[PDB]
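Data first, discussion second: the structure below is written as structure tokens.
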Number of protein chains: 2
Amino acid sequence: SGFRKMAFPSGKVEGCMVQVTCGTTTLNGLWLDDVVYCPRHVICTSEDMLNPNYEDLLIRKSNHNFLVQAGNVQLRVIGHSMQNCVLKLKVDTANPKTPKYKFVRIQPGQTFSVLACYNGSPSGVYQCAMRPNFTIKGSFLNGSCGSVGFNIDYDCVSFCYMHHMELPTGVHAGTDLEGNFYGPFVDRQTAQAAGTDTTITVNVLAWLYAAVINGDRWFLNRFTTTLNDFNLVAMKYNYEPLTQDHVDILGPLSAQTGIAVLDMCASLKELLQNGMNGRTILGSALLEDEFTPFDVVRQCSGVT
Amino acid sequence: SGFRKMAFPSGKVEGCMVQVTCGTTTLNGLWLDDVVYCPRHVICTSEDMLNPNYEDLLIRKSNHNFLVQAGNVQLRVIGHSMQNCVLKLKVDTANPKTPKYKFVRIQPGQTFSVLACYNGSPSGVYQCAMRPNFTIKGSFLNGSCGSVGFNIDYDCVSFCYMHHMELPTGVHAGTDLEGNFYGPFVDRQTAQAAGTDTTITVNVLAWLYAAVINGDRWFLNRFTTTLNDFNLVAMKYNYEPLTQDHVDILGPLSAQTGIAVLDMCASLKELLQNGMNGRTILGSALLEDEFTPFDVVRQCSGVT
Ligand SMILES: Cc1ccncc1N(C)C(=O)Cc1cccc(Cl)c1
Ligand SMILES: Cc1ccncc1N(C)C(=O)Cc1cccc(Cl)c1
């Protein structure tokens with residue numbers, strides 16, 4: 001019973017958090033094996049961020065300019081390289097707490113947990129989704145850069161996000177663990193506006209199945225629809241177009257509840273057209289799009 | 001920038017989770033020092049839960065009937081006692097991962113993180129609040145009993161909740177770590193209905209300050225009110241009566257934003273009377289009451 005915006009347990013990622021200082025800039029680093037991953041803008045001053053030339057700025061940095069602190073003990077930096085927008089600091093000690101891990105680049109719509117950190121120390125964990133415009137609606141202040149986003153499959157942590165930037169509109173931009181930015185963003189203190197933040201339709205449907213599973217059924221109607229008819233309505237309300245691939249992924253939820261995917265789409269169509277009329281679904285007065293069909297299955301089954 | 005329903009990092013609590021089996025019932029235990037804490041209903045079968053006499057049922061249980069497993073290794077049970085609705089299993093080994101801890105009984109309105117567990121393994125972490133009717137709106141399935149609720153102050157984990165029961169309405173009931181139930185609930189498979197779930201007013205106001213801090217200001221109006229006038233409106237909308245103690249606790253938020261507590265109460269009064277007119281505040285279409293004034297301060301300042 002109950003449906004909560006649930007993050008993965010963060011212990012495996014807490015044991016990887018370090019503080020990285022270069023000159024007078026301090027941010028977070030991720031220590032996996034003998035490598036510390038951090039945003040390359042750690043080498044920048046506020047003057048540098050206007051139009052930084054990172055290859056040029058890196059020339060004036062040596063291994064001894066990067067101060068890596070784990071807890072309260074100093075790690076010895078024996079190498080450094082730049083891969084896209086992240087710095088990789090080779091340290092002389094493998095992290096004893098390194099869990100089983102992969103680096104994965106997620107697609108928009110996919111959700112993940114963020115362990116927000118300041119000065120190598122964790123402050124909290126929350127669930128996010130990679131928006132269709134490649135931003136994330138996180139909760140980050142100055143000092144949080146280098147905090148990571150991740151998913152866990154039993155004992156393997158798939159790191160998918162590293163926090164880099166706050167856009168002028170309060171939304172956030174970052175890279176995968178190879179330093180490649182999600183979306184068109186660049187690590188520069190330049191006005192970069194986000195694209196349309198459309199609703200993740202497959203996620204709304206998944207959350208409507210989670211609601212049916214937990215008792216909220218008022219929104220189930222007597223209608224059905226087709227993918228093309230649903231998509232006309234989805235376009236009007238800035239919802240992502242629903243594909244047969246999304247229908248396939250909703251299959252286990254459709255099988256458990258006995259409600260066909262297209263029938264649930266007609267319910268979602270009526271919810272868009274009429275609104276919720278002062279009602280709630282799973283304690284929310286709007287249609288939640290940050291639970292994937294996998295998240296609903298996991299939460300509703302008890303996957304540990 | 002951004003405001004998220006954030007849980008505390010769960011690593012310190014993950015290192016305390018064990019699996020407790022008694023006969024054919026398996027649930028979660030909390031291993032702190034040389035003691036394992038778990039719900040006393042671990043000794044019950046489904047037949048026993050109808051009208052259990054726990055003192056009588058405990059007579060037929062010996063130390064060797066409690067199987068405590070940490071990871072995949074077995075802990076030796078050298079003692080057992082019942083304290084209210086929890087069992088305390090004395091083990092022969094202190095938990096090497098025991099963090100600094102306290103046991104605290106929280107008041108309704110107070111928030112905490114829950115590490116949901118199944119078979120001693122963590123599945124996820126989310127933020128909760130102790131409702132004014134002493135229930136929590138968690139996300140728990142069969143097997144989750146013994147999962148705990150907690151707050152962290154730097155290095156000290158204050159354990160405040162142990163999950164015991166699911167009421168017939170899908171809401172949850174549990175004890176503090178002394179085995180004392182929050183509210184009037186009893187660990188028996190008997191219909192127990194919850195009281196009125198009123199809104200935590202001090203928390204809504206705190207979240208309105210968090211919204212002003214992050215840019216959502218449309219709801220700020222030209223009005224002010226008094227505590228007695230606000231409370232007449234609060235009574236009508238099933239909101240907890242606001243006291244001067246709540247006003248005092250909102251003081252730091254009032255000081256940061258420069259918006260008097262009573263002025264923010266008049267904004268909340270108009271939001272109750274008129275609704276949100278299809279608008280949102282911090283991405284929500286309803287007034288959020290599961291952030292305390294302390295949570296807003298911590299999240300908005302970056303306390304690690
Ligand atoms: C202030 C803040 C709040 C939340 N998250 C991040 C920040 N910071 C530190 C930045 O955006 C810095 C920055 C500026 C310009 C480009 C880049 Cl790559 C980084
Ligand atoms: C099914 C479920 C779902 C979510 N959380 C808990 C449960 N369980 C296991 C119970 O409520 C058992 C129980 C029944 C009656 C009294 C008590 Cl003290 C415990």
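Letters for chains follow the order of the structure tokens (A, B, ...), residue numbers begin at 1 for each chain, and ligand numbers begin at 1 in the order shown.
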For this session: Just list the residues in region 70-225 of chain B DSSP gives strand (DSSP E) on the backbone, as a ChimeraX atom specification.
Result: /B:70,73-75,77-83,86-91,100-103,111-118,121-129,148-153,156-166,172-175
For this session: Considering only C-alpha atoms, extract the chain A residues located within 7 Å of chain B and return them as a PyMOL selection string.
Result: chain A and resi 1-11+14+118+121-126+137-141+170+285-286+302-304
Using N, CA, C and O atoms, can you export the residues from the last selection as a compact mmCIF listing (two decimals), in the first residue's frame?
# COMPACT_ATOMS: atom_id res chain seq x y z
N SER A 1 0.82 -1.21 0.00
CA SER A 1 0.00 0.00 0.00
C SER A 1 0.85 1.26 0.00
O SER A 1 1.90 1.30 0.64
N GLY A 2 0.38 2.27 -0.71
CA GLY A 2 1.08 3.54 -0.80
C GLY A 2 2.03 3.60 -1.98
O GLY A 2 2.61 2.59 -2.39
N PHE A 3 2.20 4.80 -2.51
CA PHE A 3 3.11 5.02 -3.62
C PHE A 3 3.84 6.30 -3.35
O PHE A 3 3.21 7.34 -3.18
N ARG A 4 5.15 6.21 -3.23
CA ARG A 4 6.03 7.32 -2.88
C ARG A 4 7.09 7.59 -3.91
O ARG A 4 7.61 6.65 -4.48
N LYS A 5 7.50 8.86 -4.09
CA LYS A 5 8.63 9.20 -4.94
C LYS A 5 9.87 8.70 -4.18
O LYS A 5 10.32 9.30 -3.20
N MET A 6 10.33 7.53 -4.57
CA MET A 6 11.36 6.82 -3.83
C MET A 6 12.69 6.86 -4.54
O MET A 6 12.76 6.60 -5.73
N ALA A 7 13.73 7.17 -3.79
CA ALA A 7 15.08 7.15 -4.31
C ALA A 7 15.70 5.79 -4.00
O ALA A 7 15.19 5.05 -3.14
N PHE A 8 16.78 5.42 -4.70
CA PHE A 8 17.49 4.20 -4.35
C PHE A 8 18.25 4.50 -3.03
O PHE A 8 18.61 5.65 -2.75
N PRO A 9 18.51 3.47 -2.20
CA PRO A 9 19.38 3.69 -1.01
C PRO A 9 20.73 4.27 -1.49
O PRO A 9 21.21 3.88 -2.57
N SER A 10 21.29 5.24 -0.78
CA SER A 10 22.46 5.96 -1.28
C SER A 10 23.82 5.57 -0.72
O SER A 10 24.81 6.19 -1.08
N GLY A 11 23.87 4.59 0.16
CA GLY A 11 25.11 4.17 0.81
C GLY A 11 26.27 3.86 -0.11
O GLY A 11 27.40 4.28 0.16
N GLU A 14 27.49 7.21 -1.33
CA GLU A 14 28.09 8.00 -0.24
C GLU A 14 29.56 7.61 -0.03
O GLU A 14 30.40 8.48 0.18
N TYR A 118 27.86 18.53 -0.73
CA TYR A 118 28.55 19.81 -0.57
C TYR A 118 29.86 19.49 0.16
O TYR A 118 29.82 18.80 1.18
N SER A 121 30.61 15.93 1.22
CA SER A 121 29.68 15.36 2.19
C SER A 121 28.25 15.34 1.67
O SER A 121 27.75 16.35 1.20
N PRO A 122 27.55 14.21 1.82
CA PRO A 122 26.17 14.13 1.33
C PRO A 122 25.17 14.88 2.21
O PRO A 122 25.26 14.83 3.43
N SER A 123 24.26 15.62 1.58
CA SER A 123 23.23 16.34 2.30
C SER A 123 21.85 15.69 2.16
O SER A 123 21.02 15.85 3.04
N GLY A 124 21.60 14.99 1.05
CA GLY A 124 20.32 14.35 0.84
C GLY A 124 20.19 13.60 -0.45
O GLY A 124 21.02 13.75 -1.34
N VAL A 125 19.15 12.77 -0.55
CA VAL A 125 18.92 12.00 -1.75
C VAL A 125 17.46 12.19 -2.24
O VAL A 125 16.53 12.26 -1.44
N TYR A 126 17.29 12.38 -3.54
CA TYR A 126 15.97 12.56 -4.13
C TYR A 126 15.93 11.93 -5.51
O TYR A 126 16.96 11.70 -6.11
N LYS A 137 15.19 18.74 -12.97
CA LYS A 137 14.65 19.68 -12.00
C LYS A 137 15.15 19.15 -10.69
O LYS A 137 14.47 18.36 -10.04
N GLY A 138 16.38 19.54 -10.36
CA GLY A 138 17.01 19.10 -9.12
C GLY A 138 16.87 20.12 -8.02
O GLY A 138 16.01 21.00 -8.07
N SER A 139 17.67 19.96 -6.97
CA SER A 139 17.71 20.86 -5.86
C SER A 139 19.17 20.95 -5.57
O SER A 139 19.76 20.04 -4.99
N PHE A 140 19.80 22.01 -6.09
CA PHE A 140 21.22 22.19 -5.99
C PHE A 140 21.54 23.64 -5.72
O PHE A 140 20.90 24.52 -6.27
N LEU A 141 22.52 23.87 -4.86
CA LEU A 141 23.03 25.20 -4.52
C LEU A 141 24.50 25.27 -4.96
O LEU A 141 25.03 24.29 -5.50
N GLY A 170 16.66 28.41 -13.11
CA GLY A 170 16.60 27.56 -11.94
C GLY A 170 16.59 26.07 -12.19
O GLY A 170 16.50 25.29 -11.24
N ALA A 285 -2.27 16.55 -7.13
CA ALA A 285 -3.32 17.24 -7.89
C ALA A 285 -2.92 17.51 -9.37
O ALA A 285 -3.61 18.24 -10.08
N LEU A 286 -1.82 16.93 -9.82
CA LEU A 286 -1.38 17.00 -11.20
C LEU A 286 -0.88 15.62 -11.64
O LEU A 286 -0.68 14.74 -10.79
N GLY A 302 8.48 -4.79 -4.68
CA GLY A 302 9.43 -4.84 -3.57
C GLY A 302 10.82 -5.30 -3.96
O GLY A 302 11.45 -6.06 -3.21
N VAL A 303 11.32 -4.85 -5.13
CA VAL A 303 12.66 -5.24 -5.58
C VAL A 303 13.75 -4.58 -4.72
O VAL A 303 13.77 -3.36 -4.58
N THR A 304 14.63 -5.40 -4.13
CA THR A 304 15.71 -4.94 -3.28
C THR A 304 17.07 -5.11 -3.96
O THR A 304 18.02 -4.41 -3.61
For this session: Name all residues at most 12 Å from residue 256 (chain B) (count only C-alpha atoms; drop same-chain ones fewer than 5 positions away) and give them as a PyMOL selection string.
Result: chain B and resi 206+209-210+212-213+250-251+261+296-297+300-301
Now that the selection is made, can you save its residues with N, CA and C atoms as a PDB file, in the first residue's frame?
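Saved the output as selection-v6.pdb:
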ATOM      1  N   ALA B 206       5.992  26.922   5.839  1.00  0.00           N
ATOM      2  CA  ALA B 206       7.415  26.738   5.609  1.00  0.00           C
ATOM      3  C   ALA B 206       7.678  26.486   4.111  1.00  0.00           C
ATOM      4  N   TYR B 209       7.386  29.676   2.123  1.00  0.00           N
ATOM      5  CA  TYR B 209       8.652  30.411   2.231  1.00  0.00           C
ATOM      6  C   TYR B 209       9.708  29.819   1.280  1.00  0.00           C
ATOM      7  N   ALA B 210       9.805  28.486   1.205  1.00  0.00           N
ATOM      8  CA  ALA B 210      10.712  27.792   0.271  1.00  0.00           C
ATOM      9  C   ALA B 210      10.359  28.155  -1.175  1.00  0.00           C
ATOM     10  N   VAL B 212       8.865  31.090  -2.132  1.00  0.00           N
ATOM     11  CA  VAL B 212       9.286  32.486  -2.305  1.00  0.00           C
ATOM     12  C   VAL B 212      10.806  32.551  -2.530  1.00  0.00           C
ATOM     13  N   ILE B 213      11.564  31.744  -1.775  1.00  0.00           N
ATOM     14  CA  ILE B 213      13.023  31.670  -1.893  1.00  0.00           C
ATOM     15  C   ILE B 213      13.472  31.188  -3.288  1.00  0.00           C
ATOM     16  N   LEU B 250       8.976  29.646  12.471  1.00  0.00           N
ATOM     17  CA  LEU B 250       9.010  30.204  11.110  1.00  0.00           C
ATOM     18  C   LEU B 250       9.864  31.506  11.010  1.00  0.00           C
ATOM     19  N   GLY B 251      10.244  32.075  12.157  1.00  0.00           N
ATOM     20  CA  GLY B 251      11.061  33.284  12.271  1.00  0.00           C
ATOM     21  C   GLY B 251      12.253  33.368  11.351  1.00  0.00           C
ATOM     22  N   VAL B 261       5.361  36.504   9.250  1.00  0.00           N
ATOM     23  CA  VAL B 261       4.628  35.229   9.347  1.00  0.00           C
ATOM     24  C   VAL B 261       3.133  35.417   9.102  1.00  0.00           C
ATOM     25  N   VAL B 296      13.132  23.142   5.355  1.00  0.00           N
ATOM     26  CA  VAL B 296      13.281  24.214   4.372  1.00  0.00           C
ATOM     27  C   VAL B 296      14.624  24.908   4.582  1.00  0.00           C
ATOM     28  N   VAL B 297      14.972  25.201   5.830  1.00  0.00           N
ATOM     29  CA  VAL B 297      16.231  25.865   6.153  1.00  0.00           C
ATOM     30  C   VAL B 297      17.427  25.034   5.712  1.00  0.00           C
ATOM     31  N   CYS B 300      17.471  24.702   1.799  1.00  0.00           N
ATOM     32  CA  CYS B 300      17.790  25.991   1.214  1.00  0.00           C
ATOM     33  C   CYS B 300      19.195  26.510   1.607  1.00  0.00           C
ATOM     34  N   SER B 301      19.871  25.913   2.614  1.00  0.00           N
ATOM     35  CA  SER B 301      21.216  26.369   3.005  1.00  0.00           C
ATOM     36  C   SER B 301      22.344  25.397   2.652  1.00  0.00           C
TER      37      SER B 301
END
Exercise. Looking only at the backbone, which of the residues in region 146-268 of chain A does DSSP tag as helix (DSSP H, G or I), as a PyMOL selection string?
Worked result: chain A and resi 201-214+227-236+244-257+261-268
Kindly save the residues from that selection, with C-alpha atoms included, as a PDB file, in the first residue's frame.
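Dumped to again11.pdb:
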ATOM      1  CA  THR A 201       3.582  10.307 -21.415  1.00  0.00           C
ATOM      2  CA  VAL A 202       4.811   6.710 -20.839  1.00  0.00           C
ATOM      3  CA  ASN A 203       5.602   7.743 -17.223  1.00  0.00           C
ATOM      4  CA  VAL A 204       2.173   9.318 -16.622  1.00  0.00           C
ATOM      5  CA  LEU A 205       0.499   6.106 -17.847  1.00  0.00           C
ATOM      6  CA  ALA A 206       2.790   4.029 -15.610  1.00  0.00           C
ATOM      7  CA  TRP A 207       1.811   6.221 -12.621  1.00  0.00           C
ATOM      8  CA  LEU A 208      -1.929   5.825 -13.534  1.00  0.00           C
ATOM      9  CA  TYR A 209      -1.359   1.997 -13.354  1.00  0.00           C
ATOM     10  CA  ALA A 210       0.375   2.478  -9.932  1.00  0.00           C
ATOM     11  CA  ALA A 211      -2.713   4.470  -8.846  1.00  0.00           C
ATOM     12  CA  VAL A 212      -5.108   1.678 -10.017  1.00  0.00           C
ATOM     13  CA  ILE A 213      -2.903  -0.856  -8.140  1.00  0.00           C
ATOM     14  CA  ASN A 214      -3.170   1.209  -4.916  1.00  0.00           C
ATOM     15  CA  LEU A 227      -2.301   5.540 -30.689  1.00  0.00           C
ATOM     16  CA  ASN A 228      -2.915   8.122 -33.476  1.00  0.00           C
ATOM     17  CA  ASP A 229      -5.976   9.617 -31.685  1.00  0.00           C
ATOM     18  CA  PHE A 230      -4.232   9.704 -28.311  1.00  0.00           C
ATOM     19  CA  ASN A 231      -1.218  11.422 -29.947  1.00  0.00           C
ATOM     20  CA  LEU A 232      -3.357  14.252 -31.419  1.00  0.00           C
ATOM     21  CA  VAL A 233      -4.463  15.033 -27.810  1.00  0.00           C
ATOM     22  CA  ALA A 234      -0.899  14.511 -26.468  1.00  0.00           C
ATOM     23  CA  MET A 235       0.432  17.049 -28.994  1.00  0.00           C
ATOM     24  CA  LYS A 236      -2.117  19.677 -27.867  1.00  0.00           C
ATOM     25  CA  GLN A 244       4.302   1.124 -29.717  1.00  0.00           C
ATOM     26  CA  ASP A 245       7.663   0.795 -27.846  1.00  0.00           C
ATOM     27  CA  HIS A 246       6.071   2.642 -24.891  1.00  0.00           C
ATOM     28  CA  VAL A 247       2.951   0.399 -25.147  1.00  0.00           C
ATOM     29  CA  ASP A 248       5.216  -2.700 -25.028  1.00  0.00           C
ATOM     30  CA  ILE A 249       7.000  -1.411 -21.883  1.00  0.00           C
ATOM     31  CA  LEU A 250       3.597  -0.790 -20.185  1.00  0.00           C
ATOM     32  CA  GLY A 251       2.586  -4.457 -20.945  1.00  0.00           C
ATOM     33  CA  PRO A 252       3.406  -5.882 -17.473  1.00  0.00           C
ATOM     34  CA  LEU A 253       1.334  -3.093 -15.834  1.00  0.00           C
ATOM     35  CA  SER A 254      -1.516  -3.713 -18.268  1.00  0.00           C
ATOM     36  CA  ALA A 255      -1.312  -7.462 -17.450  1.00  0.00           C
ATOM     37  CA  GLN A 256      -1.379  -7.022 -13.691  1.00  0.00           C
ATOM     38  CA  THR A 257      -4.347  -4.609 -13.614  1.00  0.00           C
ATOM     39  CA  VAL A 261      -2.789   0.254 -22.570  1.00  0.00           C
ATOM     40  CA  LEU A 262      -5.096   2.028 -25.044  1.00  0.00           C
ATOM     41  CA  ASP A 263      -7.930   2.057 -22.470  1.00  0.00           C
ATOM     42  CA  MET A 264      -5.597   3.743 -19.944  1.00  0.00           C
ATOM     43  CA  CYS A 265      -4.611   6.205 -22.728  1.00  0.00           C
ATOM     44  CA  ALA A 266      -8.363   7.129 -23.094  1.00  0.00           C
ATOM     45  CA  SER A 267      -8.528   7.799 -19.356  1.00  0.00           C
ATOM     46  CA  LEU A 268      -5.405  10.017 -19.648  1.00  0.00           C
TER      47      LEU A 268
END
For this session: Please provide the set of residues having any atom within 10 Å of residue 186 (chain A), restricted to only C-alpha atoms, with same-chain residues fewer than 6 positions apart removed, written as JSON, numbers by chain.
Result: {"A": [85, 164, 165, 173, 174, 175, 180, 192]}
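Remark: for residue 67 (chain A), the closest of the candidate residues A:226, A:190, A:218, A:24 is A:24 (distances computed over only C-alpha atoms).
You will find CA of residue 93 (chain A) at 10.2 Å from CA of residue 32 (chain A).
Among the candidates A:97, A:163, A:76, A:217, the one nearest to ligand 1 when counting only C-alpha atoms and all ligand atoms is A:163.
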For this session: Might you pull out every residue within 9 Å of residue 196 (chain A), with only C-alpha atoms counted and same-chain residues fewer than 2 positions away left off, and present them as a PyMOL selection string?
Result: chain A and resi 132-133+194+198+238
For this session: Rank nothing, just name the residue among B:109, B:179, B:258, B:241 nearest to ligand 2, using only C-alpha atoms and all ligand atoms.
Result: B:179
Spatial neighbours of residue 31 (chain A), max dist 8 Å, only C-alpha atoms, sep filter under 3 positions, as a short mmCIF file (atom, residue, chain, number, x, y, z; two decimals) with C-alpha atoms, in the first residue's frame:
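Once written, result_39.cif looks like this:
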data_model
loop_
_atom_site.label_atom_id
_atom_site.label_comp_id
_atom_site.auth_asym_id
_atom_site.auth_seq_id
_atom_site.Cartn_x
_atom_site.Cartn_y
_atom_site.Cartn_z
CA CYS A 16 32.42 7.33 -3.27
CA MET A 17 32.04 11.02 -2.45
CA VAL A 18 35.17 13.15 -2.08
CA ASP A 34 41.91 4.73 -8.39
CA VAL A 35 40.16 7.55 -10.28
CA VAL A 36 38.36 10.68 -9.06
CA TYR A 37 35.78 12.10 -11.54
CA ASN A 95 38.66 3.48 -3.08
CA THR A 98 34.15 1.18 -4.62
#
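Considering only C-alpha atoms, the residue among A:58, A:39, A:94, A:219 positioned nearest to residue 282 (chain A) is A:219.
The two atoms in question, atom 3 (C, counted along the ligand's line) of ligand 2 and CA of residue 79 (chain B), are spaced 28.7 Å apart.
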Seminar exercise, completed: Between A:292, A:147, A:74, A:221, smallest distance to ligand 1 by only C-alpha atoms and all ligand atoms belongs to A:147
Exercise. Pick from A:260, A:191, A:77, A:160: nearest to ligand 1, with only C-alpha atoms and all ligand atoms counted?
Worked result: A:191
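From CA of residue 295 (chain B) back to CA of residue 33 (chain B), the distance works out to 29.0 Å.
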